[PDB]
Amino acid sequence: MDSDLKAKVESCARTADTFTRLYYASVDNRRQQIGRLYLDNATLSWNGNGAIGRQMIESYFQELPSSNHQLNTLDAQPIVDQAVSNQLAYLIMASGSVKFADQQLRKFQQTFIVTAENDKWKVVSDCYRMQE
């Protein structure tokens, strides 16, 4: 396709990989600092249970059992201008398996939308779904 769309898709793929790597290491290994990755006013939806704004997101995570995530699938699209213009946005899914403390092993799909504060990418939305 167009050599600039190629550049936009490829840039997005690198960001999505850097972000998800660090994100999934923060939830498993440093949940104390998990809030730092959300915008002040982000939406979280953990299995259809909403948490709006970091303060409230940041206390959902502190009340969740300890976790270990195995990633297997990563996907990122750059978001079309009209969906949210003047802020370039990435639509990232991560899927795999997760082991919560004192719970059966499960599968998960996590779908973020991220934008940039300065040089750092943070969550605008996050939809988490467990399966097994």
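Just count from 1 along the sequence shown to find any residue number.
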Between 98 to 106 and 84 to 92, point out the one with the higher average CA B-factor as the PDB entry records it. 84 to 92
Of 75 to 83 and 35 to 43, the stretch with the higher mean C-alpha B-factor in the deposited entry is 75 to 83
Tertile call for residue 7 (CA temperature factor, within chain, third-based) is the middle
B-factor third for the C-alpha atom of residue 130 within its chain: middle
By the recorded C-alpha temperature factor, relative to the other modelled residues in its chain, which third is residue 68 in? middle
Split into thirds by Cα B-factor across the chain's modelled residues, where does residue 51 land: lowest, middle or highest? lowest
Residue 25: CA B-factor among chain residues, third -> middle
